[PDB]
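Starting off, we have a lone chain in the form solved without the named molecule, written out as structure tokens.
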């Protein structure tokens, strides 16, 4: 579970926000892209796995599951590519909630930047620092450190 991430795609202002959630902590990375392609998703995964020890990715849809570019990135970075079927029905609800919370933070910061990408990065910052008392940022670091030991 320290190595499991879930991909998530949401829309705002005619653009796409691509999100990876570290499942055990709720810590997130996110980027704005014009549209979700195999290439964009493969590139995002490569960035993510250079930064965190990514063992498993649950892809956000069947297109990214199927995508040969996505599979090439997962091969490259040593990631086990998995489906994102919520065999646990609570998974749908956790992600739906996260999308709504992210969008609310984006709306709270939206006037502090011209570009959506800036607002989304501000939202990422606030989400990962929010104490719920540990933050998601602290949780992921603790989970991975325990693992290394």
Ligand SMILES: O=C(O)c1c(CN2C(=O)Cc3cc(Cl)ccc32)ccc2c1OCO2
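Numbering follows the first chain given and starts at 1.
The gap between residue 132 and residue 133 holds 4 to 9 unmodelled residues of the deposited sequence.
Stretches compared: 18-26, 134-142. Higher mean C-alpha B-factor in the entry: 134-142. Taking the PDB entry as given, 81-89 carries the higher mean Cα B factor of the two stretches 106-114 and 81-89. Of the candidates 124, 57, 95, 48, it is 95 whose Cα B-factor is highest according to the PDB record. Sort the chain's modelled residues by C-alpha temperature factor and residue 61 lands in the lowest third, per the entry. The PDB entry assigns residue 35 a C-alpha temperature factor belonging to the highest third of its chain's modelled residues. For residue 67, the recorded CA B-factor ranks within the middle third of the chain. Only modelled residues enter the ranking.
Missing here is the form deposited with the named molecule bound; even so, the following discussion is about that form.
Looking at residue 82, you'd find every heavy atom of it more than 4.5 angstroms from the named molecule in the deposited bound form. Contact check for residue 88: every heavy atom lies farther than 4.5 Å from the named molecule in the deposited bound form. Contacts between stretch 11-34 and the named molecule, counted in the deposited bound form as any heavy atom lying within 4.5 Å, involve 21, 23, 25, 26, 28, listed in sequence order.
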